[PDB]
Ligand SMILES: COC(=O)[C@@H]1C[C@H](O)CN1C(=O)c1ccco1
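Just the one chain here, the form solved without the named molecule, laid out as structure tokens.
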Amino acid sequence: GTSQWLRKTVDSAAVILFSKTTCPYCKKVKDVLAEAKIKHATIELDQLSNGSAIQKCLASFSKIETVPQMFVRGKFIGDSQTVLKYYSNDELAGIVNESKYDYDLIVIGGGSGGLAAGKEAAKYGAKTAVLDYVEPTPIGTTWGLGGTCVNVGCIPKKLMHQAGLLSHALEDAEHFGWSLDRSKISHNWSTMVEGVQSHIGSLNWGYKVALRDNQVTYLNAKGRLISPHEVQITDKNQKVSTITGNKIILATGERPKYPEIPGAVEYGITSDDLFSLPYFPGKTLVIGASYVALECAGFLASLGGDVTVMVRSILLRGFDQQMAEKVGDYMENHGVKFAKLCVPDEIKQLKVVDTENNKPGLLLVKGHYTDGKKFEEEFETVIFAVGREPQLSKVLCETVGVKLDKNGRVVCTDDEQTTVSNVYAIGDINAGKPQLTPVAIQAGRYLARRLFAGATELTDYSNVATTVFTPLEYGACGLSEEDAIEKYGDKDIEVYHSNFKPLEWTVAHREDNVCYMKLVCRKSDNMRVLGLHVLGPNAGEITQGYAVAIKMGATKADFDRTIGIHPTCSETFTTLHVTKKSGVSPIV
């Protein structure tokens, strides 16, 4: 066990020093490496349980059993006297830079996972390249470094959500004694977009600065893996060339899908276009029912828009369906219209977009309901949110041998390894994993540490908490109620639940029994909490801390013995007592 870890660590590390914290000879070598600006990993044997056994295994590579020992790309370089000899004779820089490959690591994709992986690898001396290119949308929209979340995802959508939440803050302020009149206040779309885009631009710049300051080579170029160690790159002038790397990380993400109907690509838009749109969308149709669809519909309605959502079957497929229906009922009561059990057949253009005067066009949408009946209505903007997909055929030559699944995602081991030994995949293209930004960041950073610093820790993909930022937010961690009943049977499942009213909603005359929470528990396992669900303000702040407790195996008794913080929404979880089986009402 120890021997195999040491072999794998020595072969893979770029520059690694085996050391002890108490040894002055180690301190002397550390100081030389820092002065020469040579970055490296360090393994302190006097701080590992089995450091005595490791010291003996090292002799299989160096034929010495003492410390310090320095290695470069799998080769023993020397002890203290020898390293200092190389430094004195100006031979050290040459030794640490010799490599079979141009780079120790090439990352294809400059988004959530890829930037995290590349920065972390460079910290241990890995010579690293990060490649990023943004293929424009059909109407030509493009953006800078940072990936989907930064440019056209979590960041702009939550900022637009906050703009929508502030409409209710304006209404509430009157009841708390402020002299404004909400009815004579309006919203300016382009002022909001300008501010959102200025924040995104600071993140684009910050990432380029971060990469430069970690000695990472940033190439704004499209990458394609043509053999296990060769990446073909194409730059902004269509100049083609080839770079080589020891380890490869695929981190190229996904893009929005369009339905195969006339007029969709020509006249509709997606979330890729919405967040920098130079005109207010006007009267808008959202086609789809994912969290992207509902989040976007919700803030457009809160900003004063006329919004309709076209739903093929159900809302939020894959989420707890009691909770999804409560989310949708709140939206319908607060201005969002729904065309239920309905799909589109074609989009016709009635007016072209007026780019000079900053106005949308006009469109006729024709479709039909599920029994046979018809749909026909005019809209200024049509947004498609019908799923996302990778296009790895562009990124990856099939002759390399990387196995994909039926959906086109990469099949990986539990340490992110593909079917080709030196190639790994992280983020949204890793098949079967939750498609979330903090998952991609944890996978990338943890992988870099295993490759270049001898770490062993794996990423844990189970019970990852979520939040849907609809006008009333929905946070969750663990199983839906239906999935728990399916897995264990109804007689083994107990559900505790309650409505609640935020104290902030009392003076503001908001609704009594719309916010709601539940704990789905397994009777035969000490009332283990299988899933937690909350519909209410600040649901992501509420949910996050409980995800640590669920990771640790919390039971209902653990929630009961913990005391609440008053007055908060979250404290309601600490005193739940009404079961669904009892039939007693959950209202306040």
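Numbers follow the displayed sequence, beginning with 1.
What comes next is about the form deposited with the named molecule bound, which is not displayed.
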Have a look at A129, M160, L315, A122 for me and say which one sits with a heavy atom within 4.5 Å of the named molecule in the deposited bound form. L315
Considering non-hydrogen atoms and a 4.5 Å limit, which listed residue (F338, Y516, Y101, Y207) is close to the named molecule in the deposited bound form? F338
Contact between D329 and the named molecule in the deposited bound form at 4.5 Å, heavy atoms? yes
Using a 4.5 angstroms cut-off on non-hydrogen atoms, would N214 count as touching the named molecule in the deposited bound form? no
Is the gap between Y86 and the named molecule in the deposited bound form 4.5 Å or less for some heavy atom pair? no
May I ask you to state whether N97 is within 4.5 Å of the named molecule in the deposited bound form, using heavy atom distances? no
Which residues within 419 to 451 place at least one heavy atom within 4.5 Å of the named molecule in the deposited bound form? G432, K433, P434, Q435, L436
